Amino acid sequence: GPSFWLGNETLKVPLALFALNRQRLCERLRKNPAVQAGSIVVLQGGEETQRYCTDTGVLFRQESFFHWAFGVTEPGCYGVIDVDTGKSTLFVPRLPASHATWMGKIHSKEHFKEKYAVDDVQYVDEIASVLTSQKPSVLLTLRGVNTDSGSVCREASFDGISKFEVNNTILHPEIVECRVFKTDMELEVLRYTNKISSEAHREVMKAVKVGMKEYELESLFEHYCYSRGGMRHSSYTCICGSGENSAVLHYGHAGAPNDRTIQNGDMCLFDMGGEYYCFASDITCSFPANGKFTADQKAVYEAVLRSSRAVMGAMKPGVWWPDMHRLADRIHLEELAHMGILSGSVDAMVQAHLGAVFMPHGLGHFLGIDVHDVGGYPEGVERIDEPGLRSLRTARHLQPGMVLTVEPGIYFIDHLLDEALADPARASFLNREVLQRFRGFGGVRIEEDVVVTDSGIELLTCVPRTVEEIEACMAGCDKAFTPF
């Protein structure tokens, strides 16, 4: 069959991946007692957008559910699936003659059918007529809440949909559940996005020099990912925090745009991941800017390496993800005590939620078409209202096929530390005279992408992780990647 490919050494992705997703969705829907025979899934693809009121086009990236189901890269499409038969129909825009001048070849419907391996292709202006002819019982559309953004996913609509009976509640939980569990074909793509992003992280580590701006490494990373990986998009805005900025969790946005000069003695925390064909990667490397860990940097870093490997070693089906977050907390606290930053009973530290002072975010999250992937809090799975844990993007138990980030970290965040020092229940554990030395340290995060297997996990990421490995990698002299 056909495959998506950007040539050179980039991954060929079979369009059968999407056909399998459509089949898996129908199979789930058929088992749902509420789903009527003759139902049709109706999805609306993303449309082209501009900057505000200007004609400056924004580069189009497909809506994630529509991509999962069809893998279609063109804007302005719709896609439907007959639940009972699994038959797929793609609706494509009927384009004007001038498109041939400005945008490119005007492809036939047959071209798209062959390209996307769907059962039928029609024009978007015919969708109402085509669906009517099929005499469906009900149209199943997509509406639900994303539990990371809190945004409501908006329903497909088209001229004349009012004449149909529409259900917008059944589909969202079902398609979300399918996305939670990755097929072998999806895993091949995620192995690839991790491979390229890992290589790019290595190139960045080799290239970092004191005196560079953070954004120079962001630029290099994205260039590696695009030119070598065919990754036109990143999975998210590159987080390139040096020095105190490594304590800022989602540093790098427009308000704090990776514009600090890297200084001797800084820790770097680089959280970056390319996207290939709308599949994510999400990797964080932490390392000394000057290629040599200080004693303090080694201690903090190896604390996070310990919780990372402890969690990965414990992960397997049936394990409760919040228990892993708590494991990481307990390990961080043990290590910070060994360093002399903390004193006292670690049991008591845990009871006082002291772990969340140093790791205020969740241990990790589902990953897939979206970097913060869907399905972390389905109905019946509650958010835990405690420091740290309340930021977890899922409270589910692990099952095979789930893809998760494992990203413990330790940070020195002034407002959290100040809060803890003011609280007598936590202050007693903190040794101010030692902690003071770590103000402005920043932080360390070690982020791997893994897949749950029948017996444990498979690690997708491949970057240097021990202190020795990192120092060796940064001292490497290969002019493997030297632009101009």
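The first residue of the sequence shown is number 1, and the count goes up from there.
Enquirer: Output the stretch having the higher mean C-alpha B factor in the entry; the candidates are 401 to 409 and 164 to 172.
Expert: Per the PDB entry, the higher value belongs to 164 to 172.
Enquirer: Mean CA temperature factor from the deposited coordinates, higher in 457 to 465 or in 470 to 478?
Expert: Looking at the recorded C-alpha B-factors, 470 to 478 comes out higher on average.
Enquirer: Highest Cα B-factor in the deposition, which of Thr183, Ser151, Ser286, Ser281?
Expert: By C-alpha B-factor in the record, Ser151 ranks first.
Enquirer: According to the Cα B-factor stored in this entry, which of the following is highest: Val371, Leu249, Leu305, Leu333?
Expert: Of the candidates given, the C-alpha B-factor peaks at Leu249.
Enquirer: Split the chain's modelled residues into thirds by Cα B-factor; is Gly38 in the lowest, middle or highest one?
Expert: It belongs to the highest third of the chain when residues are ordered by C-alpha B-factor.
Enquirer: Lowest, middle or highest third: where is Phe112 by C-alpha B factor in its chain?
Expert: Highest third - that is where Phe112 ends up once the chain's C-alpha B-factors are sorted.
Enquirer: Of the three thirds of its chain by CA temperature factor, lowest, middle or highest, which one includes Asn431?
Expert: Within its chain, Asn431 is a highest-third residue by C-alpha B-factor, going by the deposited values.
Enquirer: Name the third of the chain's ranked CA B-factors that contains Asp449, choosing lowest, middle or highest.
Expert: Ranked within chain, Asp449 CA B lands in the lowest tercile.
Enquirer: Based on the deposited C-alpha B factors for this chain, I'd like to know if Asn21 is in the lowest, middle or highest third.
Expert: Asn21: CA B-factor falls in the middle third of its chain.
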